[PDB]
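Engineer: Pasting run19.cif here (mmCIF, C-alpha atoms (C1' of nucleotides)):
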```cif
data_protein
#
loop_
_atom_site.label_atom_id
_atom_site.label_comp_id
_atom_site.auth_asym_id
_atom_site.auth_seq_id
_atom_site.Cartn_x
_atom_site.Cartn_y
_atom_site.Cartn_z
CA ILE A 840 -36.39 -44.34 -8.96
CA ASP A 841 -32.91 -45.92 -8.78
CA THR A 842 -33.56 -47.67 -12.10
CA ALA A 843 -34.70 -44.44 -13.78
CA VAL A 844 -32.17 -41.92 -12.46
CA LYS A 845 -28.67 -43.37 -12.82
CA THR A 846 -29.07 -44.88 -16.31
CA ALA A 847 -28.53 -41.52 -18.03
CA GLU A 848 -25.09 -41.08 -16.46
CA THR A 849 -24.39 -44.80 -17.00
CA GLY A 850 -24.96 -44.44 -20.74
CA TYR A 851 -22.98 -41.20 -20.80
CA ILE A 852 -20.08 -42.95 -19.03
CA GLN A 853 -20.32 -45.85 -21.51
CA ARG A 854 -20.25 -43.48 -24.51
CA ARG A 855 -17.33 -41.51 -23.05
CA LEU A 856 -15.39 -44.71 -22.31
CA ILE A 857 -16.05 -46.11 -25.79
CA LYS A 858 -14.97 -42.81 -27.36
CA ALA A 859 -11.70 -42.58 -25.41
CA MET A 860 -10.45 -46.09 -26.32
CA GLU A 861 -11.97 -46.32 -29.80
CA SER A 862 -8.59 -47.01 -31.46
CA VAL A 863 -6.43 -48.75 -28.81
CA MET A 864 -5.05 -51.36 -31.18
CA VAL A 865 -3.02 -54.56 -30.85
CA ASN A 866 -0.50 -54.58 -33.69
CA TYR A 867 1.46 -57.36 -35.39
CA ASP A 868 4.50 -57.05 -33.09
CA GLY A 869 2.40 -57.87 -30.02
CA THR A 870 2.47 -54.26 -28.78
CA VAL A 871 -0.53 -52.10 -27.88
CA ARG A 872 -0.84 -48.71 -29.57
CA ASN A 873 -3.47 -46.01 -30.08
CA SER A 874 -4.46 -44.23 -33.30
CA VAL A 875 -1.36 -42.00 -33.23
CA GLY A 876 0.91 -45.01 -32.69
CA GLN A 877 1.97 -44.09 -29.15
CA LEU A 878 2.98 -47.22 -27.24
CA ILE A 879 0.59 -48.09 -24.40
CA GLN A 880 1.52 -51.69 -23.55
CA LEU A 881 4.30 -53.95 -24.82
CA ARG A 882 1.88 -56.88 -24.48
CA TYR A 883 -1.90 -56.96 -24.13
CA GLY A 884 -2.76 -57.47 -20.47
CA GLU A 885 1.01 -57.57 -19.74
CA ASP A 886 1.14 -61.18 -20.99
CA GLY A 887 0.05 -61.02 -24.65
CA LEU A 888 -2.96 -63.33 -24.25
"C1'" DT B 1 2.69 50.31 72.96
"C1'" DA B 2 7.37 50.44 71.32
"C1'" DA B 3 8.98 53.59 67.19
"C1'" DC B 4 12.11 57.09 67.69
"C1'" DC B 5 15.44 60.18 69.76
"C1'" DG B 6 19.22 61.28 72.91
"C1'" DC B 7 22.80 59.83 75.57
"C1'" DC B 8 26.32 56.91 76.91
"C1'" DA B 9 29.38 52.83 76.73
"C1'" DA B 10 31.97 49.07 74.58
"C1'" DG B 11 34.07 46.34 71.14
"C1'" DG B 12 35.04 44.35 66.45
"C1'" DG B 13 36.80 44.29 62.12
"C1'" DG B 14 37.80 46.73 57.60
"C1'" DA B 15 41.20 50.09 56.08
"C1'" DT B 16 46.17 51.06 55.87
"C1'" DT B 17 51.39 50.09 55.36
"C1'" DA B 18 55.03 46.93 54.45
"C1'" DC B 19 57.17 42.37 53.18
"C1'" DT B 20 57.05 38.49 50.55
"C1'" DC B 21 56.16 35.03 47.01
"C1'" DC B 22 54.33 32.77 43.50
"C1'" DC B 23 51.47 32.37 39.61
"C1'" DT B 24 50.66 34.09 35.48
"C1'" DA B 25 52.15 37.32 31.05
"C1'" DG B 26 55.07 36.98 27.66
"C1'" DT B 27 57.95 34.54 24.18
"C1'" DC B 28 59.75 30.69 21.60
"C1'" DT B 29 59.07 25.67 19.37
"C1'" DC B 30 56.99 21.27 18.77
"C1'" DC B 31 53.21 18.80 17.67
"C1'" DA B 32 48.29 17.18 17.57
"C1'" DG B 33 43.31 17.38 18.01
"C1'" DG B 34 39.72 20.54 15.37
"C1'" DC B 35 37.99 21.17 11.33
"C1'" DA B 36 37.23 21.17 5.99
"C1'" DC B 37 36.20 17.93 2.46
"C1'" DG B 38 34.42 13.44 0.59
"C1'" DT B 39 31.36 9.94 1.06
"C1'" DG B 40 28.62 5.84 2.88
"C1'" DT B 41 25.39 2.25 3.64
"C1'" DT B 42 20.74 2.04 5.41
"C1'" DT B 43 15.93 3.73 4.08
"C1'" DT B 44 12.41 4.62 1.40
"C1'" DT B 45 10.21 4.13 -3.14
"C1'" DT B 46 9.00 1.66 -7.18
"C1'" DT B 47 8.53 -2.28 -10.09
"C1'" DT B 48 7.58 -7.23 -10.78
"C1'" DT B 49 6.07 -11.40 -10.60
"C1'" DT B 50 3.19 -14.33 -8.32
"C1'" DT B 51 -0.96 -15.87 -5.45
"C1'" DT B 52 -5.39 -16.66 -4.31
"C1'" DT B 53 -9.85 -16.24 -4.53
"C1'" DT B 54 -13.94 -14.74 -7.28
"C1'" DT B 55 -16.51 -14.58 -11.36
"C1'" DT B 56 -17.85 -15.85 -15.89
"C1'" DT B 57 -18.28 -19.05 -19.81
"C1'" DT B 58 -19.38 -23.28 -21.79
"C1'" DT B 59 -20.82 -27.76 -22.33
"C1'" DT B 60 -23.28 -31.72 -20.89
"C1'" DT B 61 -27.45 -34.56 -19.68
"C1'" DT B 62 -28.45 -44.01 -22.11
"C1'" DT B 63 -30.34 -45.87 -26.85
"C1'" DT B 64 -34.19 -47.93 -30.11
"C1'" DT B 65 -39.39 -48.02 -31.73
"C1'" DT B 66 -44.80 -46.74 -32.58
"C1'" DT B 67 -49.30 -43.43 -32.70
"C1'" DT B 68 -51.77 -38.52 -32.91
"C1'" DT B 69 -52.51 -32.89 -33.26
"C1'" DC B 70 -51.16 -27.82 -34.49
"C1'" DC B 71 -48.82 -25.12 -37.35
"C1'" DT B 72 -46.12 -24.35 -41.47
"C1'" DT B 73 -48.08 -15.54 -39.38
"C1'" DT B 74 -50.14 -10.98 -38.61
"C1'" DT B 75 -51.27 -6.62 -37.81
"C1'" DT B 76 -50.15 -2.04 -39.70
"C1'" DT B 77 -48.97 1.25 -42.79
"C1'" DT B 78 -49.03 2.61 -47.64
"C1'" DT B 79 -51.01 2.50 -52.16
"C1'" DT B 80 -54.56 2.34 -55.67
"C1'" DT B 81 -59.05 1.96 -57.47
"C1'" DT B 82 -63.81 3.43 -56.92
"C1'" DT B 83 -67.59 6.41 -55.85
"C1'" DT B 84 -69.79 10.77 -54.91
"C1'" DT B 85 -70.29 15.90 -55.15
"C1'" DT B 86 -69.83 20.29 -57.46
"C1'" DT B 87 -69.66 23.93 -61.19
#
```
Since I need it in another form, could you write the structure as structure tokens?
Structural biologist:
Amino acid sequence: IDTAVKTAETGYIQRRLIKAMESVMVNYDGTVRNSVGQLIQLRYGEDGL
DNA sequence: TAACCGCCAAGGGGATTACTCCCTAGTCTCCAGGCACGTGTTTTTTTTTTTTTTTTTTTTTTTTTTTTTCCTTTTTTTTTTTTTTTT
């Protein structure tokens, strides 16, 4: 029952999470930006690694 | 049974006369509360914007793959041809 029930909302959460960050991009200056170019992080993971 | 009347006796105080005196009527003269006029500052009414809960709407529901079965109209009204009866 626990295997059958929660896996619908698990896949829905995975699809929602992959749709929200589908264009969060590391650029050539080391910064992290989305599709519109808004700055999210100056370095990826706050260390650029 | 004592109201009432008649008779008699006694006394108490209101009316009268005179003297006084003192308080108010009258008349100036100054001035101040009583009153006519204007208005107020609270009270009610009305708007105004928000608040808070209720109700309604809308959108969503892991992915991939392989087999069958049933259905993919249907009754209901209108039209048009055919057949039978009559003069």
Engineer: Identify all residues satisfying the PyMOL selection byres ((chain B) within 12 of (chain A)) in the given file; provide them as a list in words.
Structural biologist: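 Selection result, ordered by chain and number: residues 60, 61, 62 and 63 of chain B.
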Engineer: Which residue is closest to residue 876 in chain A? Choose from A:888, A:859, A:844, A:864 and count all atoms listed in the file.
Structural biologist: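 Of all the options, A:864 lies closest to residue 876 in chain A.
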Engineer: Which centre and edge lengths in Å to one decimal define the box along x, y and z that fits every listed atom of range 38-53 of chain B plus 5 Å per side, as lines of an AutoDock Vina configuration file?
Structural biologist:
```
center_x = 12.3
center_y = -1.6
center_z = -2.7
size_x = 54.3
size_y = 40.1
size_z = 26.2
```
Engineer: Between CA of residue 875 in chain A and CA of residue 857 in chain A, what distance in Å does the model show, to one decimal?
Structural biologist: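 So the two atoms, CA of residue 875 in chain A and CA of residue 857 in chain A, lie 17.0 Å apart.
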Engineer: Identify the residues within 12 Å of coordinate (-7.5, -46.6, -27.2) (same frame as the file), considering only C-alpha atoms (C1' of nucleotides), and give the answer as a VMD selection string.
Structural biologist: chain A and resid 855 to 865 871 to 880
Engineer: What gap, in Å, lies between CA of residue 843 in chain A and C1' of residue 67 in chain B?
Structural biologist: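 Rounded to one decimal, the two atoms are 23.9 Å apart.
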Engineer: I'd like the interatomic distance between CA of residue 886 in chain A and CA of residue 866 in chain A, to a tenth of an Å.
Structural biologist: 14.4 Å
